[PDB]
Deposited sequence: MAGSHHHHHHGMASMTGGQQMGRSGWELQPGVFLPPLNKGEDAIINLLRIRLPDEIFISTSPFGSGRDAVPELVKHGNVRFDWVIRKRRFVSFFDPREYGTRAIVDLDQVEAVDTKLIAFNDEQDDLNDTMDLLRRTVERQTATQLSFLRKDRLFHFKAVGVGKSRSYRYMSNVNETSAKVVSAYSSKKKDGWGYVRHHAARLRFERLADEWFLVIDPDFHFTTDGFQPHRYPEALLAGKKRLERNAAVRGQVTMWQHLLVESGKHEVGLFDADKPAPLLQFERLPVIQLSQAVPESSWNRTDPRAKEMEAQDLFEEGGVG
């Protein structure tokens, strides 16, 4: 009689708990950092002078006439863009772990440029969107990347060409977060589209809509796993930065996924379909 009152019943989370991975890597910085003054206001201004010398590198920062780098600038063409009498090696803590917004910004820029140089075998960097994407090798050609997921060897088609023409590249925003007195790299996966592996796609918005279909838990988690492998391996003249995975996060209650796969008419929607 009338409209039935539901009891408001539901299956609770499992009390056994479960684990989750976080998309951070701990960064191990060199113990010392080099600082100096420069005649150049910013790094862009110093580039023409820098490239007059050989063995060019760009993992350095000049802002407000101040230079920073992890490498010794006296041993590279940077020796032309600094005031040499002011070059000093100091405890990295004095630049990377203080309260000055300017040192914080210069630290993050140096970390970002260091990662770019360290990963250049696999990755290309776009100034727009600050996006790091797997680079194509060959025009209109797909390629795969092999990597370890726990104890299992796996692979992904990180550059994927389609023709009736566009090419999709696995991508990530790599951000930096300081938590207490440690720096972390944050992996936020995305995709980048080109027409042929190289030329940026003239109108992303068509393709932007297909990315959303892929934003599903298992697919994003797999991509995090793959980037953590790339970046950890990148740190093994030695690479300047090493990266360390964090222990899993333990959650006291678990999603009841196996029950829901049975009861939830929308279960299949939670899984990415790559069209």
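Of the deposited sequence, the ranges 1-23, 188-193, 266-275, 315-321 have no C-alpha coordinates according to the record.
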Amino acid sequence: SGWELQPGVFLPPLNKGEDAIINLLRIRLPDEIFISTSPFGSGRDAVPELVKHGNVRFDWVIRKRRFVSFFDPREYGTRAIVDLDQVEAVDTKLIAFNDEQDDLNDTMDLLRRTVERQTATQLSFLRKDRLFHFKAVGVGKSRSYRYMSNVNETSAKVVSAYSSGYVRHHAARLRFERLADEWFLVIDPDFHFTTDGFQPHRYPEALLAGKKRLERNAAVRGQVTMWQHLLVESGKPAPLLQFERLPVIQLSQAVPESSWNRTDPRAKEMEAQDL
From here on, numbers count along this sequence of modelled residues.
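As listed in the deposited structure, the average C-alpha B-factor of 181-189 and of 91-99 is greater for 91-99.
The PDB entry records a higher mean C-alpha B factor for 205-213 than for its counterpart among 220-228 and 205-213.
Of the candidates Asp109, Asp129, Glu75, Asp83, the one whose C-alpha carries the top B factor in the deposited record is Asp129.
As recorded in the PDB entry, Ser163 shows the highest C-alpha B-factor of the residues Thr114, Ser144, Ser124, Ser163. The entry lists a Cα temperature factor for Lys236 that places it in the highest third of the chain's modelled residues. When the CA B factors of the chain's modelled residues are split into thirds, the value for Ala136 lands in the middle one.
Among all modelled residues in its chain, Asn23 ranks in the lowest third by Cα B-factor. Among all modelled residues in its chain, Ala120 ranks in the middle third by Cα B-factor. Among the modelled residues of its chain, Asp31 has a C-alpha B-factor that falls in the highest third, as given in the PDB entry.
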